[PDB]
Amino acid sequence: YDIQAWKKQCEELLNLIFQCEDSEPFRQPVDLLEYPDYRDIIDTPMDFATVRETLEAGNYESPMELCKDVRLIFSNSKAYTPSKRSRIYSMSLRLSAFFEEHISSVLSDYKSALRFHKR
C-alpha cells in the first residue's frame, strides 16, 4: 500500500550493487581519457553514482524512472562493447540479471500501491 516505499528499497538495492564486484566499471561516469571515442557512440552516459545522486536529491518520481536510468547503464555497455565476450560487457550482463531479479518486486509493489491510491 505504501506509495513511497520504493525509495528506500532502491537505496538498499543500490547499496547491494555497489558491494557487487561486477559493478566496478559502472560506479562512476566512463572516463573519456580511458575511452576517447566514448561519446562518438554513446549519446547519454549513465552510471550508478549518478543514479544514486539523482535518487538522493529527490529527482526520481517513481522507481520506473530509476529503472530506465539503470537500464541505460547496461544498454550503453552493450552498445560500446567491441565484443559480446568482453570482460566489462560480461560483467554488465550478470549485474543486469541481478538488478532485474531485485527490481521486479519494487516495481510491482509501487504500481499496485498507486492503483490502490487511485481506486
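Residue numbers here begin at 1 and follow the sequence given. In this text, rigid core is short for the largest set of C-alphas that superpose within 1.5 Å between two forms.
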Could you check whether 86-94 or 30-38 drifts more from the shown form in 8 other deposited structures of this protein, using RMS Cα distance once the core is superposed? 30-38
For the higher mean C-alpha B factor in the entry, choose 58-66 or 35-43. 35-43
Once average C-alpha B-factors are taken from the entry for 73-81 and 24-32, the winner is 24-32
Taking the entry's C-alpha B-factors for this chain, is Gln9 in the lowest, middle or highest third? middle
Mind checking which third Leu16 falls in for C-alpha B-factor across the chain? highest
